[PDB]
């Protein structure tokens, strides 16, 4: 098996699972971003599912300032999450 190839497949399909619900089918608007985070990455925002948190996230992800998250911005986001997971790979911050 090639788990990494299957992982990349899931990263692509999961974006479209939500991005195609409304409007531009290649970008996540606020509504679609909320659904994606809540259903697919619940560990990221955890308890922070209020509007202030979602607007902060949209602002952080939306690098080109078009009010939506496109595939490239979404991969930067996932890469950020992966970098944070990577810090705890040993079950403690091996760094110090």
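Numbering follows the first chain given and starts at 1. The term rigid core refers to the maximal set of C-alpha atoms that superpose within 1.5 Å between the two forms.
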{"property": "Which of 63 to 71 and 44 to 52 strays further in 5 other deposited structures of this protein - Cα RMS after rigid core alignment", "result": "44 to 52"}
{"property": "In 5 other deposited structures of this protein, rigid core aligned: more displaced of 6 to 14 and 82 to 90 by C-alpha RMS", "result": "82 to 90"}
{"property": "Stretch with the higher entry mean CA B-factor, where the candidates are 16 to 24 and 73 to 81", "result": "16 to 24"}
{"property": "Residue range whose averaged C-alpha B-factor is higher in the record, 86 to 94 or 4 to 12", "result": "86 to 94"}
{"property": "Relative C-alpha B-factor of residue 47, binned into the chain's lowest, middle or highest third", "result": "middle"}
{"property": "Position of residue 29 among the chain's modelled residues by C-alpha B-factor, lowest, middle or highest third", "result": "lowest"}
